[PDB]
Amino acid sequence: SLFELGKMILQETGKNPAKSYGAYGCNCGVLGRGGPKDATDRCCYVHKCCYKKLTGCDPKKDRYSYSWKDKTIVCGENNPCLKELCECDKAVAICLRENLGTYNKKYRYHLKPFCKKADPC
């Protein structure tokens, strides 16, 4: 769920997820997708595309279990959907950290109506 997800982002990036992400660019947050503005936004694009594969569980609500061993996110549990869901979250968290270099605070609350039509996943 958003709790695990936000904790992961915090753990990888070291940044406050709700603040730095959650309304960033055309993809990070709740307005759906759009043509990515930068690498960071591309991470959220892929993240939302990863979610379109989940069969049987809810990303926004369903909780799952993961461990933080040696500063590595580790997804672990039988439920296939949750395992998948967890891999999606882990991946964007890592993607976000890897693109910290070009994070642009000016896209932080970017007006989504200024966005272009997002290519289909």
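Numbering starts at 1 and runs along the sequence shown.
The stretch with the higher mean CA B factor, choosing between 69-77 and 86-94, is 69-77. Between the stretches 52-60 and 34-42, it is 52-60 that shows the larger average CA temperature factor. The PDB entry assigns the greatest CA B-factor among 113, 25, 101, 17 to 113.
Among the modelled residues of its chain, residue 2 has a C-alpha B-factor that falls in the middle third, as given in the PDB entry.
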